[PDB]
Structures are given as C-alpha cells and as structure tokens.
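Student:
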RNA sequence: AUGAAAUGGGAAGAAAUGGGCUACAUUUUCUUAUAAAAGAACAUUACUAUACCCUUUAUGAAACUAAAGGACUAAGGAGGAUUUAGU
Ligand SMILES: [K+]
Ligand SMILES: [Mg+2]
Ligand SMILES: [Mg+2]
Ligand SMILES: [Mg+2]
Ligand SMILES: [Mg+2]
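Residue numbers (the authors' numbering), protein chains in the order written: chain C, 36 to 167; chain F, 35 to 242; chain X, 132 to 391; chain K, 28 to 128.
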C-alpha cells in the first residue's frame, strides 16, 4: 500500500483541507504547485539552490508564526523578487502581525540578498474541504 | 489489443466487392449493409489483393521466421519454390512424352498436395476419466491437423539435414518426396496413426 | 555479351574479362612479383582467366607468335617466334608464372594488333574496380591499392586509347563493387575522379529498363517455356501486377517470375 | 552543525580541492603531454603526489545536502531519492509531477 | 570511549546455488554494403573465449578499472527430471 502524502481515512471526524485531501498523483491534475520558480524548466540552472531556499523559507515561517498558519505557504519568485503568500489564522492581535511582517521581511532580505515581501490573507478558521 | 471489440476483420477479396448486387446471397448482402455502420480493422502489411498471394504459403513462411526476420523467411520460401520448379523442369525435359504428361511443374500445387498428404487425421489426446488421465484416440480438428503437417515439415528440414545443405535444398527435396507419399514426414504421420491404433480400446472414453 | 558475340563471329580476338571485381577482393593467395617487387601476383585469379581466354581464342593461339624472348625461370624461357599458345601453356602448367603469362599475353596482343594481323576486342565488365579501392591486405595488415596488384596494372594499359586495331567495350557494375553505395550507377560516382579521367573521352551508352514492347516480349518468352506456372500469371491482372512489382526491371522480373 | 561527521569530512575535501585547483592544474599539465623531457615529467609526477591527499578532487562524494546519504542522490537537486520524493509528493517542487503515460 | 581523526588493509575457493551474458553455427562465419545484393569461408579448431596472458589508449595523484588490438586458444555439437515468460 502507498503511504506517501496520503491523509488516511478515520471515522469521518478528521477535517482535511483541499491540499491534504489529494494524494500525490493529483499534482498537476486537481491541485497545483506550492512553489513557482523557473529552476526546473528545461535548460535552466540553480534548481538545487531554489529548492534549498524553499525548505528553509517554510521552516522559518512556521516558527515565526507559530500556530497561526491555516495552510501551507505559497512561494512565488519573479526576477530576483521573492513573494510569500500565507493563509494565517486570526489568533494574534493585528499590531503583532505588522511587527512579524516587518521583521520577517527585513531578516530574509538580508539573508538571501533579494527583495522579499510577505502577503498575508487572514482566515477566521481553517477551511475544511471534506471530513474523512 | 488496440482494436475495440466492435471492430471487424477486413475483407480483401477484390471480386467480392465488384460482383453484381443480385449475385450476392442475401446473407452476404446483409453483412455489407451492416458493415457500412461498423468499424473496420486496418489490413495487415502482408494482406493484399494480389492474385499471387496464397494464405497457406504465407502461413508456412511465418512458421519459419525467426526473430521477426520476414525478409529471410520469405526469401527461403521463394528459393524453395524455385528449387522445386527447377527440379521438375529438369525431370520433364529428360523424360519421354508419356512420362512428361504425369510430371507436375507447378510448385504451388506440389506444396499444397504435399502438406495435405502429411496431415494426420486422428491423434492421441489426454482425456480425464475418473479423475485420471488416459491417452484416448481423438479426431483431430482442422486447424490442429493443418498445423501438425507444417510443423513436422519445418522440423525435419531444420534438424535432420547435413551441415552444409541449405533449407531451400532440404525443403524442396522434402516437399517433393511428400508429394509422392514416401518421406520421413509421412512416416511421422504413420506413427501417430499407428499409436492410436494400439490405444483404440480407450476410444469410447470420449464424451463428444 | 551481345557485343562480344558480334565480334567473335567476325573472327575478332576476344579479350574478355568477365568480372574485374574478383581481382580486388577475397584473394587467398597473394604472392610478390619478380618483375617488380612492389607489385603482387594473384596466381589463382590469373590461372582461371587464362583457361577461359584459351578456350575462346584457341584458333588464334597458333597464328600469333611472340616478338620477344621471355625467361619464365632459369631453366625455362620462350624463344622469339614461338606460337602465343606456348606462353599460355606455360602459365597453366606453372601457376607461379600464371600472373606473368597474362601480362605477356596482354602486351603481345596490344603490340601485334596494330600490325593488321587480327582485330582485338578488349571487353572488360566491371571496369570501375580498376581505379577504386581493394579489400586485400599486405603482410603488415595494411590494405593494398589497385595499382600495386599485377593483374590490375596490366589491364589499365589495355583500356587506354594509345593503340589501334580494335575497340574497347567497358561496363560499369555497382554489384560486387567495394565501398560504393547501393544506389550508385552513374559513371563519375562509380569510376571516381581517377577512373573518369583515365577513360575520357569515352562514349556512355545508357542501358534503361524494359520498354512496353520489350516487357511484353520477355513476358511471353517466360510463358513460351512454361516458366510462369502459376494459374493467374497468364492473366491480364497477373501481367499488370508483375509489371508493377518488377517495375520493368529485367533482373527483378526474372526474380519475381522465378518463384512463381 | 552539519548532518554527520561524514558530511563534515566531505566539506573539507571540497574546500581543500578549491585551494589546490590551480596548483594541481599547472603541475599536472606538465605531465599530460609528450613535448617536455621525461626527466621533468618524472619529477612533476612526484610534486603532484606530494600535495595533500584531500587536495585530490576524486575523493569528493556527492551526498544529499539534507541527509548526507552517499548514494541515491539526484545531482540536479542534491537530494537523495527519499528526500526528493517527500518534497515532490507534497507539491513543493516547482514543476515536478508524477509520470503517467 | 561504544566518541573524533590519520595511515595501511578488508584476503581467497578441485564448493553448492539463483539470475544474466555469449556460444554451440548453414535461417551460419568474414568483407563491401547498408541491411537489399554480391564475393569468399564452411569440421578440427571451420563455428567458437566480455576467461588467462601480452601490448596500446582513456580517467585518476595512484590502474588494482574500462576500452581497443594481439596472439593463445580450451570447452561446447542445442542440453535429465524439472521449471520461467509471453494474448
Ligand atoms: K571511535
Ligand atoms: Mg547523526
Ligand atoms: Mg566518486
Ligand atoms: Mg542483407
Ligand atoms: Mg596515465
């Protein structure tokens, strides 16, 4: 049996998001890609360096916004600009988000030497695609 | 298969399509009208309306082919037919007018009548009686009877020949010696019949 | 071969090389030449040709007589004036000299032809082999060249227009040719730059495929001998089929009809 | 901290090969020819031998950057088959999908 | 010290067994060709060694590796029960 990235069935009480519900074979069919860069296109270089930055950028955002992430973040690279689009729960006060945005942007712009912007869409609570 | 089960085997008979409508039996006439609404399989690369195409020889060629080498197997069959035509012309020219009449110089007619002679009618088969298998004489079907004649020919020539002889020279000499019913392949037919004779006692075991 | 028959019946002296590719490939005995140590001698190839040349021109082998003395061995020589048949006889008797008897024969006929004694048809089929490449290797495992071979070198002189008293009839054959494409038939493609320059000015005579009249004549000839034994061959649909598959090519028509 | 002590040894091999690249190029050039006296070539054969062993660039092994796995790595991403499949099967590699055909 | 590092080694088989590769040839061997056609070879080494050995080249600091030639060439003559794959 295949165990890869499959949220298995319980007794109908496990909420799962759209991203979690779909197994790997639905990638490019029902669900898209969380990161969009040009490094895996044919005749393009620096796939390894873009992929390592993604791993870190995801671990950074989880720790910097602990318990405030409704879904996995979406990374969008255009030219040298990096754009982070994160669904965040409305747990923290509003002013705290302004602090963490200023901090996380400046810190990641001086770490990778690129302009990095954070885009936050706040949800009242996690969106449930289906109960499995 | 890449052909859905709704596809129909092609009919590549030139005269059939050009026959007058009234000459066709209504059963044949019915299929033509039905086929206008059906799908038709593409014809094979070896399927043609040629007047020189013989299915029996085309099948015999495929049973000699090794590893998809159709050119070599077809070449060997062409050399065989020629080796038989050249062997009968020599005999015809070196024969009296009376003898000349009997001599057959058509290689296609020597090939067909040679194979038919080798065909075995009844061969032993394993049949289950009381949860036990017995060798009971059975009537061989048409397809199995035809297959056995060709297989026995291609196997006598392939194996039981000198090292320096060639297949067009052993096959020609065997088709000709099976056109007169005096060959090793005919002896193999006489063994299958001889063995069924010994086991005739178990004939009634057959349930069809 | 049609030209060789016309000349043969008028009492010409036929010097017919049946295939010239056989002299540049698949040689199992390749000796060296005493006359010139650079050159090599093909004993078996020369011996076979001489026996055929003897049969064709047996009549003229007593009339023509050598104009010089040829020392085959220390103990054997040909006195001037003796019949040309003696040169041929020694070549067959002693295979070592066979490649040298041929050279004497070609030299004598070329010189004596101009004297008006006889006409000489030098008919070489497969002439493209002379100025091409070989598949023969020296003791060092290095490929030989056509000039090096003795038989090839002698013949290259006979196909030159520096003599008179006869005619040279040449033919090109890509079949059996070495290092040439399957679809090469034109004179420059097969002869090359060396062969073309050697033979010019030459008269090219194109041999085409059977025309409608010739194809019917060939079709009836096979039917006249009972060769086309298939029942449908005599019919108009058989003939039309055989015309398409053969394409009126003489060889292909013979091959297709052979199986039928 | 790197993944393990094996990745640490590999990292040092990569930094000592970069230091000795020009040197090992200039010396090795004197040997890869037939134009210089064999006495010089025999001596250059020992100058290259005398350099430290970790300067040799054939002692570098490509390891997964995240698990330090010596075999199973894909050179375009520098990840093992196990790590690559985890990122690919989650939609985190841009343009990588399963191959159905 | 069950931790860290350096240098040198990690051997072989009158053995059994699994899988693969090659051959046992004539529907074959070699050569040109292009897979068509042609010329030769065709049983003692004819077919036939991706072994051993001998040279050369490629990679490397290191040839112990791989390729290409050279000879040397042994066995094998289509394989007992039995068993694998293919619609
Ligand atoms: K230790
Ligand atoms: Mg560890
Ligand atoms: Mg390595
Ligand atoms: Mg071929
Ligand atoms: Mg070296």
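We put the CB at the ideal spot given by N, CA and C, even for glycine.
For residue 239 of chain X, which of X:271, X:200, X:132 has the nearest alpha-carbon?
Tutor: Closest option to residue 239 of chain X, Cα to Cα, is X:200.
Student: Closest to residue 389 of chain X by CA distance: which of F:45, F:64, F:111 is it?
Tutor: When each option's Cα is compared against that of residue 389 of chain X, the closest is F:111.
Student: Evaluate the contact criterion for the segment 115-123 of chain C versus the segment 151-165 of chain C: three or more CB pairs, one atom per stretch, below 8 Å.
Tutor: Contact holds: three or more Cβ-Cβ distances are below 8 Å.
Student: Since residue 116 of chain F meets chain X, which of its residues come closer than 7 Å, beta carbon to beta carbon?
Tutor: 389, 390, listed in chain order.
Student: Mark residue 137 of chain X as exposed unless 16 or more other C-beta atoms lie within 10 angstroms of its C-beta, in which case mark it buried.
Tutor: Result: exposed.
Student: State yes or no: is the C-beta of residue 98 of chain K nearer than 7 Å to some heavy atom of ligand 3?
Tutor: Outside the cutoff, so no.
Student: Would you kindly work out how many angstroms separate the C-alpha atoms of residue 148 of chain X and residue 154 of chain F, rounded to a whole number?
Tutor: About 56 Å.
Student: Taking 7 Å as the cut-off, is the C-beta of residue 36 of chain K nearer than that to any heavy atom in ligand 3?
Tutor: The answer is no for residue 36 of chain K.
Student: Listing by chain order, which chain F residues have their CB less than 8 Å from the CB of residue 360 of chain X?
Tutor: In chain order: 119, 139, 140, 141, 142.
Student: If the cut-off is 8 Å on Cβ atoms, which residues from the segment 324-340 of chain X count as contacting chain F, listed in chain order?
Tutor: Cβ contacts with chain F: none found.
Student: Going along the segment 154-176 of chain X in order, which residues come within less than 8 Å of chain F, judged by CB to CB distance?
Tutor: Taking 8 Å as the Cβ-Cβ cut-off against chain F, none of the residues of the segment 154-176 of chain X qualify.
Student: With distances taken between CB atoms, is the gap from residue 69 of chain C to residue 107 of chain C smaller than 8 Å?
Tutor: Closer than 8 Å, so yes.
Student: If I'm right that residue 251 of chain F touches residue 151 of chain F with Cβ under 8 Å, what's the distance once you round it to whole angstroms?
Tutor: One cannot answer for residue 251 of chain F here, as it falls past the ends of chain F, which runs 35 to 242.
Student: Is there a Cβ of chain K sitting closer than 8 Å to that of residue 66 of chain C, yes or no?
Tutor: Output row for residue 66 of chain C: interface = yes.
Student: For a contact defined as C-beta to C-beta under 9 Å, what are the partners of residue 59 of chain C on chain K?
Tutor: 112, 115, 116, 117, 118, 124, 125, listed in chain order.
Student: Going along chain X in order, which residues have a C-beta closer than 8 Å to the C-beta of residue 105 of chain F?
Tutor: What residue 105 of chain F touches in chain X: nothing, since even the nearest Cβ is about 13 Å away.
Student: Thinking residue 42 of chain F and residue 70 of chain F are a contact (beta carbons under 8 Å), I'd like their distance in whole angstroms, please.
Tutor: Contact doesn't hold; Cβ gap of about 11 Å is too wide.
Student: How many whole angstroms separate the CB atoms of residue 164 of chain X and residue 281 of chain X, which I take to be in contact at a CB cut-off of 8 Å?
Tutor: With a Cβ gap of about 5 Å, residue 164 of chain X and residue 281 of chain X count as contacting.
Student: Name the chain F residues whose beta carbon is nearer than 8 Å to that of residue 363 of chain X?
Tutor: Within 8 Å Cβ-Cβ: 85, 86.
Student: Enumerated in chain order, which unbroken segments of the alpha helix (DSSP H) with a length of 4 residues or greater are wholly contained in the segment 99-139 of chain F?
Tutor: Counting whole runs of 4 or more residues, the segment 99-139 of chain F contains the alpha helix (DSSP H) stretches 104-127, 131-136.
Student: Round the Cβ separation of residue 257 of chain X and residue 133 of chain X to the nearest angstrom and send it over; I've been treating them as touching at under 8 Å.
Tutor: The Cβ separation is near 17 Å, so there is no contact.
Student: On the CB-based measure, 16 or more other CB atoms within 10 Å of its CB, does residue 344 of chain X come out buried or exposed?
Tutor: Exposed, because fewer than 16 other Cβ atoms sit within 10 Å of the Cβ of residue 344 of chain X.
Student: Only counting the same chain, and skipping five residues up and downstream in sequence, which positions put a Cβ closer than 7 Å to that of residue 117 of chain F?
Tutor: Result list for residue 117 of chain F: 202, 203, 206, in chain order.
Student: On the CB-based measure, 16 or more other CB atoms within 10 Å of its CB, does residue 391 of chain X come out buried or exposed?
Tutor: Buried is the call here.
Student: Note down, in chain order, all residues in the segment 30-51 of chain K with a beta-carbon under 8 Å from any beta-carbon belonging to chain C.
Tutor: Residues passing the 8 Å Cβ filter: none.
Student: Looking at the structure shown, is residue 44 of chain C part of a helix, part of a strand, or coil, going by DSSP?
Tutor: Residue 44 of chain C: coil per DSSP, three-state reduction.
Student: Taking C-beta pairs closer than 9 Å, name the residues in chain K that residue 104 of chain C reaches, listed in chain order.
Tutor: Going along chain K, no residue has its Cβ under 9 Å from residue 104 of chain C, so there is no contact; the nearest lies around 15 Å.
Student: Is the CB of residue 378 of chain X under 8 Å away from at least one CB in chain F?
Tutor: Residue 378 of chain X does not count as touching chain F.
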